[PDB]
Amino acid sequence: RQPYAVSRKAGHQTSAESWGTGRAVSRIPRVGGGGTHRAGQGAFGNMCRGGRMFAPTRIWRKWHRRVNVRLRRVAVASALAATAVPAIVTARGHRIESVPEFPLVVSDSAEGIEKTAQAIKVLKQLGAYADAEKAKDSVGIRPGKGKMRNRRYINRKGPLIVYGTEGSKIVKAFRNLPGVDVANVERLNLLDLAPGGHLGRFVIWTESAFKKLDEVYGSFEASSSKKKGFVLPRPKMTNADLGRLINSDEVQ
Amino acid sequence: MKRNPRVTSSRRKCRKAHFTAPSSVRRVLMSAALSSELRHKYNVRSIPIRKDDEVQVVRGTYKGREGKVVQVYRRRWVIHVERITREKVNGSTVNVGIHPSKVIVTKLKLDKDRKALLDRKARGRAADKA
RNA sequence: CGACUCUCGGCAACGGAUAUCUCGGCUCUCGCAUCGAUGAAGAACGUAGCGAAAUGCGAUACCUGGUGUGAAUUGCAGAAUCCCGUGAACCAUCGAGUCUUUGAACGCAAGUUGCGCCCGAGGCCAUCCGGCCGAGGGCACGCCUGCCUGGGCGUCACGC
RNA sequence: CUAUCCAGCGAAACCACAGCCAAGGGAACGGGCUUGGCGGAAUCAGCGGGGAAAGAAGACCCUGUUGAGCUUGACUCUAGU
RNA sequence: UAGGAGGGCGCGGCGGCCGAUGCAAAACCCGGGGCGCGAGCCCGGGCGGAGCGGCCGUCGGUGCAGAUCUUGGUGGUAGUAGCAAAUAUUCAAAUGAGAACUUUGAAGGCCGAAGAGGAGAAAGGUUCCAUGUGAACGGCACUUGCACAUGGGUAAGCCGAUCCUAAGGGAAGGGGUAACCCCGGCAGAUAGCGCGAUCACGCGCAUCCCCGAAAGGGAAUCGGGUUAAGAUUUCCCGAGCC
RNA sequence: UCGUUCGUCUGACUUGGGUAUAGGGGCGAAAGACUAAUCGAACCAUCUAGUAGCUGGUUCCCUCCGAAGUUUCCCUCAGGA
RNA sequence: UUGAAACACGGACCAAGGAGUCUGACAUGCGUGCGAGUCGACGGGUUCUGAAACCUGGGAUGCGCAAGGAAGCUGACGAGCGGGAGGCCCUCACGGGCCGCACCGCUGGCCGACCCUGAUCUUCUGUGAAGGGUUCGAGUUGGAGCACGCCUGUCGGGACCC
RNA sequence: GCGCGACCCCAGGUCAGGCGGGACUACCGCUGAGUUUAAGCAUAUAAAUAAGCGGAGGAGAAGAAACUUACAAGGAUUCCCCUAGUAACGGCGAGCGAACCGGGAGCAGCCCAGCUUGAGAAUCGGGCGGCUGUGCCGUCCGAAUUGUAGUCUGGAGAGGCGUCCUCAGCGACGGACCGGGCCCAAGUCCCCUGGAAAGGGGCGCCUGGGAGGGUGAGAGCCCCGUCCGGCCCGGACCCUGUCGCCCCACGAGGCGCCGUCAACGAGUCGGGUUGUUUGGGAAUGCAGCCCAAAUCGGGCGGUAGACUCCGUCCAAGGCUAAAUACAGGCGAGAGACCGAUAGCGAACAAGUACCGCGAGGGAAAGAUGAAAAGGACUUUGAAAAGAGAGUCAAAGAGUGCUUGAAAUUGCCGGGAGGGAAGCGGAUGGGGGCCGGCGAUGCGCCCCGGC
Ligand SMILES: [Mg+2]
Ligand SMILES: [Mg+2]
Ligand SMILES: [Mg+2]
Ligand SMILES: [Mg+2]
Ligand SMILES: [Mg+2]
Ligand SMILES: [Mg+2]
Ligand SMILES: [Mg+2]
Ligand SMILES: [Mg+2]
Ligand SMILES: [Mg+2]
Ligand SMILES: [Mg+2]
Ligand SMILES: [Mg+2]
Ligand SMILES: [Mg+2]
Ligand SMILES: [Mg+2]
Ligand SMILES: [Mg+2]
Ligand SMILES: [Mg+2]
Ligand SMILES: [Mg+2]
Ligand SMILES: [Mg+2]
Ligand SMILES: [Mg+2]
Ligand SMILES: [Mg+2]
Ligand SMILES: [Mg+2]
Ligand SMILES: [Mg+2]
Ligand SMILES: [Mg+2]
Ligand SMILES: [Mg+2]
Ligand SMILES: [Mg+2]
Ligand SMILES: [Mg+2]
Ligand SMILES: [Mg+2]
Ligand SMILES: [Mg+2]
Ligand SMILES: [Mg+2]
Ligand SMILES: [Mg+2]
Ligand SMILES: [Mg+2]
Ligand SMILES: [Mg+2]
Ligand SMILES: [Mg+2]
Ligand SMILES: [Mg+2]
Ligand SMILES: [Mg+2]
Ligand SMILES: [Mg+2]
Ligand SMILES: [Mg+2]
Ligand SMILES: [Mg+2]
Ligand SMILES: [Mg+2]
Ligand SMILES: [Mg+2]
Ligand SMILES: [Mg+2]
Ligand SMILES: [Mg+2]
Ligand SMILES: [Mg+2]
Ligand SMILES: [Mg+2]
Ligand SMILES: [Mg+2]
Ligand SMILES: [Mg+2]
Ligand SMILES: [Mg+2]
Ligand SMILES: [Mg+2]
Ligand SMILES: [Mg+2]
Ligand SMILES: [Mg+2]
Ligand SMILES: [Mg+2]
Ligand SMILES: [Mg+2]
Ligand SMILES: [Mg+2]
Ligand SMILES: [Mg+2]
Ligand SMILES: [Mg+2]
Ligand SMILES: [Mg+2]
Ligand SMILES: [Mg+2]
Ligand SMILES: [Mg+2]
Ligand SMILES: [Mg+2]
Ligand SMILES: [Mg+2]
Ligand SMILES: [Mg+2]
Ligand SMILES: [Mg+2]
Ligand SMILES: [Mg+2]
Ligand SMILES: [Mg+2]
Ligand SMILES: [Mg+2]
Ligand SMILES: [Mg+2]
């Protein structure tokens with residue numbers, strides 16, 4: 001967030017002073033002088049016209065909040081896990097009825113593309129282009145004050161391409177497409193892996209990024225991850241199939 | 001998308017730079033697309049308009065009406081052209097304003113400096129076409 | 001039935017809330033360092049074909065000049081060669097110029113366009129080869145370096 | 001000369017809703033509550049019983065760990081001599 | 001009741017998802033139809049003419065009947081109180097759409113010259129004069145006006161300022177002061193030097209600056225004319241004065 | 001403020017202009033009078049959104065639970081632990 | 001307010017604005033991550049829409065893992081009982097026995113302050129075999145803590161508004 | 001009846017020159033309150049703050065130990081984190097409150113005065129003159145011996161010896177940094193509604209360009225722009241990159257040794273007392289007055305005191321970027337902010353109109369339409385206006401004109417009323433409104449073809 005506040009001096013650039021009691025009017029401060037309509041009008045209240053606001057907004061609010069580094073990492077792990085489950089992506093709102101396999105992984109030949117037409121053509125072999133079109137035709141002006149606070153157009157979310165060879169040109173080939181985002185594999189971002197707080201961004205992994213996702217996040221072993229002091233969280237259940245638990249021979 | 005951190009993407013500042021522009025800038029904004037054939041000839045897509053160009057409004061309520069420009073009226077963001085004109089209640093005749101982006105320059109008033117401008121805007125387009 | 005009162009709807013008023021806006025504000029961030037005795041900031045008065053304000057400018061007065069762009073200004077009129085050019089423009093920009101009375105304000109003062117003194121381009125006649133009318137321009141305060149003219153047996157040497 | 005009427009012009013204080021009484025009960029003096037008396041459109045000009053009428057966050061008194069002016073044998077300081 | 005908690009309704013953003021909208025969005029109005037116990041919601045019709053809603057997460061300048069609350073509007077009071085000092089107006093005629101209020105004439109009256117007359121100081125600043133007038137204003141009215149609009153007008157050797165001092169005020173050197181600022185006789189080669197001579201020099205320098213009065217002191221002007229508005233003495237005519 | 005009736009009217013008289021004294025200061029033939037409708041301490045801005053145990057107000061629905069004016073201490077009794 | 005329809009005060013009516021918010025410290029409760037650890041918060045490298053994000057250090061920075069004393073200083077030598085959830089074993093079962101977390105109650109032990117005590121050894125002033133205590137500790141015989149978020153409460157700030 | 005020189009001081013409209021005032025964010029110095037808190041209040045707190053008075057810059061200030069520490073010690077200044085709400089200070093009450101260590105950002109150290117040319121002021125300024133021109137050179141005056149230049153600064157240094165090692169300038173051409181200008185992809189194709197196509201359908205295209213803005217309604221492709229970069233013009237440059245000519249000394253430095261000297265800042269330190277301030281407590285800084293030094297010495301080592309030892313530094317002269325601050329100014333960029341009673345007081349001729357003698361106070365006020373196409377003309381009226389008409393998609397959007405709420409008023413239609421009305425619960429009578437207000441379809445059968 002960027003900070004926002006009212007002026008330190010709002011409402012307090014009038015030199016008013018209450019009339020006191022005995023003038024058949026309330027005891028609120030009133031502007032001095034004469035010759036204007038402003039003379040005798042209330043001031044310095046938050047109830048006045050032209051006075052303060054109650055408890056004025058100040059720049060030293062808590063704008064930025066802190067989350068533990070290990071909790072960010074755990075959350076990125078859960079978001080990556082949720083990218084792999086087709087029902088989660090489809091629930092989350094991506095048109096995937098024609099993508100070949102999950103997790104959707106394309107060859108490194110994608111890394112070399114340069115042009116946006118080439119990126120579209122690449123999406124055509126895959127099933128992503130239904131989603132990309134969904135964003136492209138769902139772009140529309142943001143309702144409300146956002147259409148004058150420099151937040152004119154909104155759109156949907158399209159596939160998130162992840163690449164492994166840094167300095168590749170797919171970052172520039174895919175940029176112009178509305179709703180489609182491109183990430184590097186070292187620095188995954190939660191705002192992309194789970195927009196809106198909802199799980200299951202439709203991620204398209206390139207073949208370079210996919211094979212080093214293990215080298216980056218590691219496994220259930222100390223120091224296996226490229227990140228220090230981090231191992232994958234373990235779930236509170238190994239198998240979450242209540243059907244199989246309850247209907248197992250032991251339980252039944 | 002925008003990468004240069006010197007050009008504003010603010011609606012307020014852009015509307016300032018538009019509606020407060022001086023005449024030397026209003027000329028550049030008063031640009032019109034060339035006709036398809038004259039585009040084919042001069043290898044340019046748009047040109048700022050002149051005193052005596054032949055324009056052919058394509059989208060106003062006066063579609064299809066060819067007319068020479070008679071008064072490019074930079075204050076009200078309009079141009080007055082021959083005979084594309086209406087009648088007041090009393091019967092006086094007044095030229096209407098058509099925004100320059102709604103006309104196409106069918107025939108062009110070749111000044112020598114215009115020839116130079118067409119050369120520059122031609123080779124700029126084509127040196128990046130090739 | 002009718003008048004009056006209360007009341008419901010329809011329509012009309014008064015009034016400008018709400019709804020949609022916004023060349024404005026606020027907040028954060030970044031780059032730079034540039035006023036003035038070579039007269040600043042501020043103030044006053046003027047200045048446009050038709051202007052009062054605001055914006056601009058200073059008796060060259062909503063501008064002069066160079067450069068850049070390249071055919072306008074515009075509410076009305078007008079002159080416009082101003083059009084393949086030494087070139088329009090309430091255009092941009094900045095080096096050449098102008099910059100009224102004031103104001104630290106500086107000849108003296110100031111409810112005064114008050115009262116002075118000096119130089120002096122230029123002209124007149126000759127009371128001389130001098131004087132009169134001048135265009136302009138000086139004349140403040142403390143201070144430094146130097147120079148000029150000076151003062152005091154403050155210390156002296158030499159002298160009548 | 002006004003006040004009254006007429007032409008013309010034309011405000012303000014004030015206003016919870018409003019305006020007939022008796023007795024009772026009640027925050028111990030009700031326009032509203034209870035039991036009665038009654039109660040018939042709409043206006044005119046007065047008047048000063050009432051509306052515990054308007055004017056004013058009572059000045060009389062008290063409370064305040066609020067002041068202020070003044071005094072002195074109050075407490076702590078100070079110019080001056 | 002004071003109070004506490006839970007679940008929800010509603011306003012405005014942000015990250016997401018699903019949508020509506022020139023075949024009519026937002027808003028607002030309705031003796032329209034419903035849903036919920038309720039906050040509230042959904043639909044219908046009209047005006048409207050360009051945007052808007054729903055769900056999840058989350059955030060907030062988030063919900064009004066009071067505060068002699070603040071700003072703006074509107075009522076009843078109410079066509080009511082009221083418009084009453086300064087004696088007084090009346091009749092013809094003219095203009096005009098329109099006259100108790102304008103203009104001319106006539107008559108009656110008042111001010112009664114320590115005035116309701118003729119001029120000035122300060123103050124005002126164009127109110128002065130002419131022509132025209134839709135509105136507003138002149139607490140009734142208006143053809144009218146000190147109103148609105150466009151024009152015009154203020155002439156100085158002699159009238160004043162300017163000059164000199166009064167009470168007093170500011171100040172150069174100096175004394176004080178943290179510095180702005182405060183003291184002027186404190187005596188300092190004092191602000192200024194002066195006069196005769198320049199064909200140059202001599203003599204003097206004493207209570208030593210500036211400001212301060214349109215009622216103090218004071219170089220000089222009178223008469224007659226003249227303009228829509230200037231002048232008595234500002235212009236013209238004559239005659240003077242410094 | 002107006003009307004009538006009054007006080008003084010050659011004097012410690014009435015008055016214009018100039019000028020001096022400016023806030024805990026001025027000035028007072030003394031009333032705490034006057035110092036620009038303000039005076040038992042002017043007015044303007046700022047510290048300042050002064051403080052308040054005191055008065056007034058404190059914004060949506062439903063469901064559920066639901067009291068106290070009593071002890072002890074306090075310059076403590078309108079208050080707080 | 002014990003008590004309001006009150007002859008108690010505010011309210012003529014309408015529309016819009018209008019009053020427990022922000023920040024710091026602390027605390028309980030709850031959620032999440034890790035868990036004798038936990039925080040990357042000041043910096044550094046990266047960052048092709050980005051004040052974001054990601055990486056980095058820490059071998060001792062904050063808190064926590066040790067406390068008692070004013071201080072010099074010293075600094076936990078290892079726990080039993082009664083009731084207990086729950087499990088287990090025996091019986092046809094009723095009933096009986098065993099292990100018994102948490103928590104509650106009881107008694108102790110060890111560290112330290114104060115007191116008391118004193119074999120040996122030792123650098124003669126130190127140690128400390130044994131024995132202690134109607135004393136005191138915010139101790140130990142349970143490692144649970146750190147960080148973030150939310151509400152509530154106390155306090156400082158204008159601090160619910162006038 | 002003198003001529004001289006020095007000192008000290010005059011007056012000069014002398015020649016040449018520097019000063020004063022303005023802005024307030026940030027910065028430096030002085031001065032300096034109280035409201036408040038302590039539930040009173042007087043020390044304390046507010047606060048070493050607000051106000052007052054001055055002074056600068058792009059940053060200012062500080063800065064190269066008379067430091068801290070007690071360590072295995074480190075090593076200028078400034079800022080951030082931690083130290084730490086801790087030690088300390090406080091009617092030990094309210095409260096207040098730093099530093100060392102450590103980690104980071106950036107790091108650069110320097111020059112004077114004194115003993116030191118004495119064959120000899122080697123120095124500096126000014127007038128004039130020249131040239132190559134931010135200076136150099138010549139000449140003449142002056143400053144100066146009461147000391148200019150050079151060497152030196154404690155880490156040293158001066159001397160003496162030594163193989164030795166180290167030093168110079170001018171050109172070009174860029175890069176780099178800054179400003180400016182110009183240029184740069186793609187539909188305006190067909191149909192429909194529409195006043196307007198930027199809407200819907202269909203057929204297509206660009207995208208290293210779908211930031212934003214304009215254009216007659218939701219415009220990637222109409223326009224300005226955005227991405228990639230390209231081109232050219234001008235600046236300061238004083239940073240380095242390579243080329244070219246110029247060849248680095250008997251001077252200076254460094255290094256090694258020697259042992260002889262070894263010079264170091266005064267009403268200053270330091271001490272008493274007073275006042276203020278601090279966390280600084282037998283006194284943290286500062287300041288006034290008095291006392292007033294030291295050279296085998298002086299200041300520190302957070303409890304005053306004397307002695308012994310130890311750790312440490314060298315004041316009383318000066319300069320110094322970087323990291324840091326920034327409601328002012330100039331130029332930019334962004335926003336989970338405000339949307340005309342909001343947000344700056346000011347969206348607008350807002351610090352304006354207006355008030356006050358003056359210090360000062362100080363508002364209100366935004367929206368026609370796509371385009372004025374701003375209503376010709378006819379007629380009633382004295383006129384404003386009305387009624388027809390016309391422009392427009394609509395003017396009932398008609399110059400305070402987008403929509404147009406309630407309060408409140410009028411007219412039309414209905415309803416009801418014996419000193420209130422309104423409201424709750426019953427229905428009843430009027431209205432007004434509801435066809436999802438209320439159905440006609442299922443099974444069995446026979447054709448007649450589907
Ligand atoms: Mg009243
Ligand atoms: Mg405001
Ligand atoms: Mg009448
Ligand atoms: Mg009664
Ligand atoms: Mg009553
Ligand atoms: Mg009754
Ligand atoms: Mg009457
Ligand atoms: Mg009556
Ligand atoms: Mg009466
Ligand atoms: Mg009465
Ligand atoms: Mg009272
Ligand atoms: Mg008390
Ligand atoms: Mg008192
Ligand atoms: Mg006493
Ligand atoms: Mg609020
Ligand atoms: Mg409201
Ligand atoms: Mg209200
Ligand atoms: Mg209420
Ligand atoms: Mg009457
Ligand atoms: Mg009367
Ligand atoms: Mg007389
Ligand atoms: Mg008279
Ligand atoms: Mg007149
Ligand atoms: Mg009238
Ligand atoms: Mg004089
Ligand atoms: Mg006089
Ligand atoms: Mg006189
Ligand atoms: Mg004459
Ligand atoms: Mg009288
Ligand atoms: Mg007098
Ligand atoms: Mg007088
Ligand atoms: Mg008075
Ligand atoms: Mg308050
Ligand atoms: Mg107050
Ligand atoms: Mg009470
Ligand atoms: Mg309590
Ligand atoms: Mg009572
Ligand atoms: Mg009563
Ligand atoms: Mg009361
Ligand atoms: Mg009332
Ligand atoms: Mg640790
Ligand atoms: Mg047990
Ligand atoms: Mg609070
Ligand atoms: Mg107090
Ligand atoms: Mg108190
Ligand atoms: Mg008190
Ligand atoms: Mg200050
Ligand atoms: Mg400096
Ligand atoms: Mg700590
Ligand atoms: Mg303090
Ligand atoms: Mg283009
Ligand atoms: Mg189309
Ligand atoms: Mg657009
Ligand atoms: Mg002080
Ligand atoms: Mg002291
Ligand atoms: Mg310095
Ligand atoms: Mg907001
Ligand atoms: Mg406003
Ligand atoms: Mg419209
Ligand atoms: Mg519109
Ligand atoms: Mg309207
Ligand atoms: Mg209504
Ligand atoms: Mg009656
Ligand atoms: Mg009823
Ligand atoms: Mg019924």
# chains A, B, ... in the order shown; residues from 1 in each chain; ligands from 1
$ closest_atom_pairs --of "chain C" --to "chain B" --cutoff "6 Å" --atoms "only C-alpha atoms (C1' of nucleotides)" --output "JSON lines"
{"residue": "C:23", "atom": "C1'", "partner": "B:16", "partner_atom": "CA", "distance": 5.0}
{"residue": "C:84", "atom": "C1'", "partner": "B:112", "partner_atom": "CA", "distance": 4.5}
{"residue": "C:91", "atom": "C1'", "partner": "B:24", "partner_atom": "CA", "distance": 4.7}
$ select_by_dssp --residues "range 34-64 of chain B" --states "helix (DSSP H, G or I)" --output "PyMOL selection string"
chain B and resi 36-42
$ write_last_selection --atoms "N, CA and C atoms" --output "PDB file, in the first residue's frame"
ATOM      1  N   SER B  36      -6.628   5.648 -48.261  1.00  0.00           N
ATOM      2  CA  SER B  36      -5.912   4.401 -48.498  1.00  0.00           C
ATOM      3  C   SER B  36      -4.962   4.532 -49.678  1.00  0.00           C
ATOM      4  N   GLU B  37      -5.424   5.140 -50.767  1.00  0.00           N
ATOM      5  CA  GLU B  37      -4.582   5.269 -51.950  1.00  0.00           C
ATOM      6  C   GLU B  37      -3.402   6.202 -51.706  1.00  0.00           C
ATOM      7  N   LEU B  38      -3.627   7.314 -51.012  1.00  0.00           N
ATOM      8  CA  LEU B  38      -2.524   8.237 -50.796  1.00  0.00           C
ATOM      9  C   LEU B  38      -1.563   7.691 -49.749  1.00  0.00           C
ATOM     10  N   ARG B  39      -2.064   6.858 -48.837  1.00  0.00           N
ATOM     11  CA  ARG B  39      -1.193   6.069 -47.975  1.00  0.00           C
ATOM     12  C   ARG B  39      -0.303   5.163 -48.798  1.00  0.00           C
ATOM     13  N   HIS B  40      -0.896   4.466 -49.767  1.00  0.00           N
ATOM     14  CA  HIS B  40      -0.119   3.584 -50.624  1.00  0.00           C
ATOM     15  C   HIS B  40       0.964   4.370 -51.348  1.00  0.00           C
ATOM     16  N   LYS B  41       0.637   5.593 -51.767  1.00  0.00           N
ATOM     17  CA  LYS B  41       1.604   6.429 -52.474  1.00  0.00           C
ATOM     18  C   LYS B  41       2.734   6.896 -51.559  1.00  0.00           C
ATOM     19  N   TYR B  42       2.401   7.464 -50.398  1.00  0.00           N
ATOM     20  CA  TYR B  42       3.376   8.194 -49.592  1.00  0.00           C
ATOM     21  C   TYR B  42       3.938   7.414 -48.414  1.00  0.00           C
TER      22      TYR B  42
END
$ residues_near_ligand --ligand "ligand 61" --cutoff "8 Å" --atoms "only C-alpha atoms (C1' of nucleotides) and all ligand atoms" --output "list in words"
residues 397, 401, 402, 403 and 404 of chain H
$ write_last_selection --atoms "N, CA, C and O atoms (P, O5', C5', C4', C3', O3' and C1' of nucleotides)" --output "PDB file, in the first residue's frame"
ATOM      1  P     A H 397     -36.884  18.412 -19.580  1.00  0.00           P
ATOM      2  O5'   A H 397     -35.619  19.322 -19.877  1.00  0.00           O
ATOM      3  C5'   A H 397     -34.530  18.798 -20.617  1.00  0.00           C
ATOM      4  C4'   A H 397     -33.275  19.606 -20.437  1.00  0.00           C
ATOM      5  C3'   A H 397     -33.316  21.032 -20.964  1.00  0.00           C
ATOM      6  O3'   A H 397     -33.850  21.945 -20.022  1.00  0.00           O
ATOM      7  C1'   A H 397     -31.382  19.952 -21.767  1.00  0.00           C
ATOM      8  P     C H 401     -30.318  26.290 -12.751  1.00  0.00           P
ATOM      9  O5'   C H 401     -30.456  25.920 -14.292  1.00  0.00           O
ATOM     10  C5'   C H 401     -29.570  25.002 -14.912  1.00  0.00           C
ATOM     11  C4'   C H 401     -30.019  24.683 -16.315  1.00  0.00           C
ATOM     12  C3'   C H 401     -29.293  23.555 -17.021  1.00  0.00           C
ATOM     13  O3'   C H 401     -29.760  22.275 -16.641  1.00  0.00           O
ATOM     14  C1'   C H 401     -29.560  25.389 -18.489  1.00  0.00           C
ATOM     15  P     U H 402     -29.002  21.445 -15.500  1.00  0.00           P
ATOM     16  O5'   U H 402     -28.902  19.977 -16.094  1.00  0.00           O
ATOM     17  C5'   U H 402     -28.525  19.773 -17.442  1.00  0.00           C
ATOM     18  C4'   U H 402     -28.186  18.331 -17.705  1.00  0.00           C
ATOM     19  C3'   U H 402     -29.004  17.313 -16.940  1.00  0.00           C
ATOM     20  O3'   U H 402     -30.264  17.076 -17.536  1.00  0.00           O
ATOM     21  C1'   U H 402     -26.720  16.746 -16.794  1.00  0.00           C
ATOM     22  P     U H 403     -31.616  17.573 -16.827  1.00  0.00           P
ATOM     23  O5'   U H 403     -31.888  16.473 -15.719  1.00  0.00           O
ATOM     24  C5'   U H 403     -32.259  15.167 -16.112  1.00  0.00           C
ATOM     25  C4'   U H 403     -31.876  14.132 -15.087  1.00  0.00           C
ATOM     26  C3'   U H 403     -32.727  14.093 -13.839  1.00  0.00           C
ATOM     27  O3'   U H 403     -33.910  13.350 -14.039  1.00  0.00           O
ATOM     28  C1'   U H 403     -30.428  13.894 -13.284  1.00  0.00           C
ATOM     29  P     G H 404     -35.338  14.044 -13.858  1.00  0.00           P
ATOM     30  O5'   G H 404     -35.298  14.603 -12.375  1.00  0.00           O
ATOM     31  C5'   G H 404     -34.964  13.753 -11.287  1.00  0.00           C
ATOM     32  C4'   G H 404     -34.668  14.558 -10.054  1.00  0.00           C
ATOM     33  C3'   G H 404     -35.765  15.557  -9.688  1.00  0.00           C
ATOM     34  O3'   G H 404     -35.941  15.616  -8.279  1.00  0.00           O
ATOM     35  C1'   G H 404     -33.713  16.680  -9.937  1.00  0.00           C
TER      36        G H 404
END
$ residues_near_ligand --ligand "ligand 31" --cutoff "10 Å" --atoms "only C-alpha atoms (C1' of nucleotides) and all ligand atoms" --output "VMD selection string"
chain F and resid 15 to 19
$ write_last_selection --atoms "N, CA, C and O atoms (P, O5', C5', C4', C3', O3' and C1' of nucleotides)" --output "PDB file, in the first residue's frame"
ATOM      1  P     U F  15     -15.643  70.349  25.289  1.00  0.00           P
ATOM      2  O5'   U F  15     -15.209  70.907  23.865  1.00  0.00           O
ATOM      3  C5'   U F  15     -16.059  70.777  22.740  1.00  0.00           C
ATOM      4  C4'   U F  15     -15.471  71.466  21.539  1.00  0.00           C
ATOM      5  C3'   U F  15     -14.189  70.867  20.997  1.00  0.00           C
ATOM      6  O3'   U F  15     -14.387  69.714  20.205  1.00  0.00           O
ATOM      7  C1'   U F  15     -13.933  73.191  21.173  1.00  0.00           C
ATOM      8  P     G F  16     -13.134  68.780  19.848  1.00  0.00           P
ATOM      9  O5'   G F  16     -12.504  69.473  18.568  1.00  0.00           O
ATOM     10  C5'   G F  16     -13.260  69.617  17.381  1.00  0.00           C
ATOM     11  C4'   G F  16     -12.419  70.158  16.256  1.00  0.00           C
ATOM     12  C3'   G F  16     -11.074  69.493  16.037  1.00  0.00           C
ATOM     13  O3'   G F  16     -11.157  68.271  15.332  1.00  0.00           O
ATOM     14  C1'   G F  16     -10.805  71.823  15.986  1.00  0.00           C
ATOM     15  P     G F  17     -10.010  67.162  15.503  1.00  0.00           P
ATOM     16  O5'   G F  17      -8.703  67.867  14.938  1.00  0.00           O
ATOM     17  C5'   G F  17      -8.543  68.075  13.544  1.00  0.00           C
ATOM     18  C4'   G F  17      -7.288  68.850  13.229  1.00  0.00           C
ATOM     19  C3'   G F  17      -5.989  68.239  13.712  1.00  0.00           C
ATOM     20  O3'   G F  17      -5.515  67.214  12.862  1.00  0.00           O
ATOM     21  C1'   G F  17      -6.029  70.512  14.288  1.00  0.00           C
ATOM     22  P     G F  18      -4.658  65.998  13.462  1.00  0.00           P
ATOM     23  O5'   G F  18      -3.321  66.686  13.964  1.00  0.00           O
ATOM     24  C5'   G F  18      -2.426  67.259  13.031  1.00  0.00           C
ATOM     25  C4'   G F  18      -1.223  67.853  13.708  1.00  0.00           C
ATOM     26  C3'   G F  18      -0.457  66.925  14.622  1.00  0.00           C
ATOM     27  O3'   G F  18       0.396  66.041  13.930  1.00  0.00           O
ATOM     28  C1'   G F  18      -0.801  68.950  15.724  1.00  0.00           C
ATOM     29  P     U F  19       0.512  64.527  14.427  1.00  0.00           P
ATOM     30  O5'   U F  19       1.162  64.667  15.866  1.00  0.00           O
ATOM     31  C5'   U F  19       2.420  65.292  16.021  1.00  0.00           C
ATOM     32  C4'   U F  19       2.725  65.578  17.465  1.00  0.00           C
ATOM     33  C3'   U F  19       2.704  64.394  18.395  1.00  0.00           C
ATOM     34  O3'   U F  19       3.801  63.521  18.267  1.00  0.00           O
ATOM     35  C1'   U F  19       1.581  66.160  19.417  1.00  0.00           C
TER      36        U F  19
END
$ closest_atom_pairs --of "chain D" --to "chain A" --cutoff "10 Å" --atoms "only C-alpha atoms (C1' of nucleotides)" --output "CSV"
residue,atom,partner,partner_atom,distance
D:55,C1',A:24,CA,9.9
D:56,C1',A:22,CA,5.8
D:57,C1',A:21,CA,6.2
$ residues_around --residues "residue 206 in chain A" --least-positions-apart "4" --cutoff "12 Å" --atoms "only C-alpha atoms (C1' of nucleotides)" --output "list in words"
residues 103, 104, 105, 106, 107, 108, 109, 110, 111, 112, 122, 160, 161, 162, 163, 164, 165, 166, 168, 170, 182, 183, 184, 185, 210, 211, 212 and 213 of chain A
$ residues_around --residues "residue 209 in chain E" --least-positions-apart "5" --cutoff "9 Å" --atoms "only C-alpha atoms (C1' of nucleotides)" --output "VMD selection string"
chain E and resid 171 to 172 191
$ residues_near_ligand --ligand "ligand 60" --cutoff "12 Å" --atoms "only C-alpha atoms (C1' of nucleotides) and all ligand atoms" --output "VMD selection string"
(chain C and resid 20 to 21) or (chain E and resid 48 to 51) or (chain H and resid 216 to 217 367 to 370 394 397 402 to 403)
